[PDB]
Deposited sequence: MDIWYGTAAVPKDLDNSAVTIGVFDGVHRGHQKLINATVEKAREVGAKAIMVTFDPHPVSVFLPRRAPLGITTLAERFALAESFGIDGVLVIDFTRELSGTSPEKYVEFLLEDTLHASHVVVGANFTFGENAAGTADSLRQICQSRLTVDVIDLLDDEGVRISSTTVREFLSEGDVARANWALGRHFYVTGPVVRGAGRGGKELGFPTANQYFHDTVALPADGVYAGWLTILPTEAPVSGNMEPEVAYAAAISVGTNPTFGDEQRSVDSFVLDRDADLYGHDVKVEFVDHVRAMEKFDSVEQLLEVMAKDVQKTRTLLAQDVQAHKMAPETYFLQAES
């Protein structure tokens, strides 16, 4: 999949495209409707399916450091776009271009001159141009004859509007199950594993993996979650009895540095391993409990054992729910 930063990086000999445009933060189920429609039309006419997206977040251009939390990193947005069949992503920076352009010139410059589009797919909530004057309705009238426009309704399901906003609200409440339901997959983060408390292995109380994430990353509320930890493909040696590319059952503690840097510390069920130096994916399945303070090692280990018990039950159920479950996983029936 091609990735272009700014209109000037798009190949001049681009022949034809079907285009979808949006922030696409999270690539949730509504976003997938736009992408699927774009891919389908591109196939039909023998064109490239192109996503136009935005980095930095358009809100951050007006209100620096008050933009919405990123449901996914830009990199994972690319990975998700590719997985749903996008052939190219054009990333637009509103501090560089297209911020002060009229709706008419926006379409002329972006859709026609740059992308040579024959079809554009946008959500009902789409806006564009100076002071957000262009709407989904405007785009339909501006693109009369010149190219076909498919405006897709926002997705309402089980009485909830699926949007980046609603996914962020679920995460903030610790309702990862509802977040997952709206995303169409397990919410996840990926990152390197650092040195933490003790060394991973025989001690139940030392995490298998310690990670830190910056305060622009959307994470579930502080607490303990059932989930799956996967060591991403690697030839580096692994300390202990975990293999790369397998989803291992884990109890995951999300915390906040006492400093809004967040910690994600994973306790892998029934395994003795230390994952320092590896890149790992952590997917969240369900909430287990709120954070609490411990007054003794005995009490700490007791609560950890209960976390393991409930995690095992939640994950045994997740494996059945199954469109989301991992293809290759490890979960023991008991300790």
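- No C-alpha positions are given for the deposited-sequence stretch 259-261, and it is the only one.
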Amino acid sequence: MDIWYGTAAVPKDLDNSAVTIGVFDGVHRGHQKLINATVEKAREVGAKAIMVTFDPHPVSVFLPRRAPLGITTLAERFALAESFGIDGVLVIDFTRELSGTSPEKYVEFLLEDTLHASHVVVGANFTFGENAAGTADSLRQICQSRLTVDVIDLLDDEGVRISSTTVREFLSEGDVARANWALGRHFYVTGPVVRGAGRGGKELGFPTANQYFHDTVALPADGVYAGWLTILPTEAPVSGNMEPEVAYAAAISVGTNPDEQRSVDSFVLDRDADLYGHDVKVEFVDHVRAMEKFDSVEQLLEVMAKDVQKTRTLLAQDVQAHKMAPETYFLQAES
From here on, numbers count along this sequence of modelled residues.
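- Stretches 177-185 and 200-208 differ in mean C-alpha B factor, with the higher average recorded for 200-208.
- Between the stretches 154-162 and 240-248, it is 154-162 that shows the larger average CA temperature factor.
- Considering 172, 73, 141, 190 together, the PDB entry gives 141 the largest C-alpha B factor.
- Comparing the listed residues 264, 229, 147, 89, the entry records the largest Cα B-factor for 147.
- In the PDB entry, residue 270 places in the lowest third of its chain by CA B-factor.
- In this PDB entry, residue 41 carries a Cα temperature factor that places it within the highest third of its chain's modelled residues.
- When the modelled residues of the chain are ordered by their C-alpha B factor, residue 304 lands in the middle third.
- For residue 317, the recorded CA B-factor ranks within the lowest third of the chain. Only modelled residues enter the ranking.
- Among the modelled residues of its chain, residue 221 has a C-alpha B-factor that falls in the lowest third, as given in the PDB entry.
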